[PDB]
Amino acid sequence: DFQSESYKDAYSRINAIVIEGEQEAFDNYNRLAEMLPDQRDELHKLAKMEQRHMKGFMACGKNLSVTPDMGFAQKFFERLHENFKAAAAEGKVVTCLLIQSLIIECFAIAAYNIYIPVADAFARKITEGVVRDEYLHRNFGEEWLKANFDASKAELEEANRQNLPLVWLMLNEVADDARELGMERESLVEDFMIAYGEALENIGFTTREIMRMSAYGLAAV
């Protein structure tokens, strides 16, 4: 029942959170575009994709006659967003890449795919389209970081350590509203640990290293 006051209420926060992610992602990729001149056009492309996602999700909100609680969503993203900004200012492209392209993208992939089977038919269509783009964004980050892994390794570990716990906290924060929308926490935690562990394996981390990196997240709750 997409019309109930309890579905509308949870949707107000989830829709707003998703919209903030897409909008925030737009700025992250534009900022990366400055920091990685060799990848400037490509990163600009990924930015414009995020813009379209934002519009797509604003339209999912209107379809269910829900005003997004943007204030709640700004606060949801705040810590992780300020960490990205500070990294950009420091010239730390690797940290900015791991945040947005790996931690974050992955997060949207796991949650979005879980949302698809329980989503109203308008939003299901919008979401199927956005998730397709997300695979690309994650692949871009994996490809760059695997190509530059030795130079990048130590900063990735450090960035993972500061930022993965922020995503776990975001995960806990959304859990109850997500359930109302028909999305189980257990699937979301699992699909995220899997997606991010595989991304870490794919760029070059060992079993012990992935366990260490993953554990910084799981331990924060």
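Position 1 is the first residue in the sequence shown; the rest follow in order.
K.L.:
Out of 18 to 26 and 5 to 13, which one has CA B-factors that are higher on average in the deposited record?
P.N.:
Per the PDB entry, the higher value belongs to 5 to 13.
K.L.:
For the C-alpha atoms alone, is the average B factor greater in 186 to 194 or in 32 to 40, going by the entry?
P.N.:
Comparing 32 to 40 with 186 to 194, the higher average CA B-factor belongs to 32 to 40.
K.L.:
Ranking every modelled residue in this chain by its Cα temperature factor as given in the entry, which third contains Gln162?
P.N.:
Within its chain, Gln162 is a middle-third residue by C-alpha B-factor, going by the deposited values.
K.L.:
According to the PDB entry, is the CA B factor of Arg138 in the bottom, middle or top third of its chain, that is, lowest, middle or highest?
P.N.:
Bottom third by C-alpha B-factor.
K.L.:
When the deposited Cα B-factors of this chain's modelled residues are ordered and cut into thirds, is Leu46 in the lowest, the middle or the highest one?
P.N.:
For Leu46, the deposited C-alpha B-factor lands in the middle third.
K.L.:
How does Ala175 rank on Cα B-factor within its chain, lowest, middle or highest third?
P.N.:
CA B-factor rank for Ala175: highest third.
K.L.:
Among the modelled residues of its chain, does the C-alpha B-factor of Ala89 lie in the lowest, middle or highest third?
P.N.:
Its C-alpha B-factor, which the entry lists for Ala89, ranks in the middle third among residues of this chain.
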